[PDB]
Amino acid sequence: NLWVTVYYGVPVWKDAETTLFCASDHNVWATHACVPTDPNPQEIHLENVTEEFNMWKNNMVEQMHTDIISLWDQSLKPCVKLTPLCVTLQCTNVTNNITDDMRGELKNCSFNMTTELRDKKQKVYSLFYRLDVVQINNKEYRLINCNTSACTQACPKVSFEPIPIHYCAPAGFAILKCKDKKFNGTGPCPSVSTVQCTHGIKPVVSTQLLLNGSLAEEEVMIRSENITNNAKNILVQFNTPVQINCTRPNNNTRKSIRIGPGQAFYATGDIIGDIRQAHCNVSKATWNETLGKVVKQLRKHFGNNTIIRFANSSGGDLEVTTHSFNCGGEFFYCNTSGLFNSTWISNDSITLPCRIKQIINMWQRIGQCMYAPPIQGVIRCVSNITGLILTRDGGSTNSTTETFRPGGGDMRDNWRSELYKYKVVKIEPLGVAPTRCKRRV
């Protein structure tokens, strides 16, 4: 009496992965390639739907990571390769209007550079930071990337502003947006909605802290695989952002040196006025309140009566031990020891020392660096902290106290805090069900 009927277009999805395409409203990320995004993003709420999500097993973070790396490598291709810059550098210390904090940080180098004519050289000079040069034993110096890999110089016409990009699913696929509040990294979501494209995600590269990210809806959320594992990083999301102001009062000057036919090297000229160390300011009251909220959530996860102690980074490279910035064109490396220094039981601002490096390896890759050319004028970087990347130590059987230190070593954690609400599924329109619908000859 029952015949298996065939239905097409049934609302059935299957968890899988695919190659998503970008959408935006030149930059390094080539948002000019991302297709346009309609001004009316469709968002249909799915009542009575309980879908299981997973932050760590999500494939969107890996795809976006590969896309960002590919866009960076493609953007550095039409620029100037700084291969003849690796020469013998005769550097001297810059003691003109220097401060006590900047003693030895900036070095005034002089070297023989090539000209447009292959039969003659030129005597030019430039200012390099201490982190960009190394002695080969005035003294003879050499860039730190000469013995590893000669890299290209970043094009000044191309900016590093992390404008948001929207990841959209192709035909036959859908993106499930979890609108449930107080939702951690895993577990089922009782409020799932569908969207054709994700929200505006800014590809901001940062270490130990999250900048210009998405804020929490109601309270501070602590996300990790499980708190029993110390090797897994702890992702924190703030509900109220705290303002952070980074700047450099040096007022640098850009000097153009034509090293060859059609290519030029943007060197650093003389410093205007006094030289002061780059710093960053964080409000003391807001940071204390945010640390109190984070301590409350960590106590809720680890049990009450725990002495939550915050410590600075343990050790390692400068990229994992310092906070990395990217705004205007100069890459910063700020010492965040003043923020993570407290102990919790039961107009003032924090000035953090900061350093600037020109030759960087932000993707933690050996053999492909990038030279950031200097920019003129005083840089004023104003942003807000929306999260942290903490790491807990062992602590042994002593559960009366726990030490939390900033973490890093993986850029995927920065984008994981933004893609926690999305998931890619495969729409399955074919379905079979019995009905009294039978064919007739």
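Each residue number is its position in the shown sequence, starting from 1.
Residue-level annotation: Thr194 has coordinates in all of the other entries compared, counting only those that model residues on either side of it, so it never reaches the one-third mark. Modelled in this chain, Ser110 is likewise built in all the other compared entries whose models extend past it on both sides, so a third of them omitting it does not occur. Going from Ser346 to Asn347, you skip over 10 or more residues of the deposited sequence that the entry leaves unmodelled.
Deposited sequence between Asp25 and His26: 4 to 9 residues lack coordinates.
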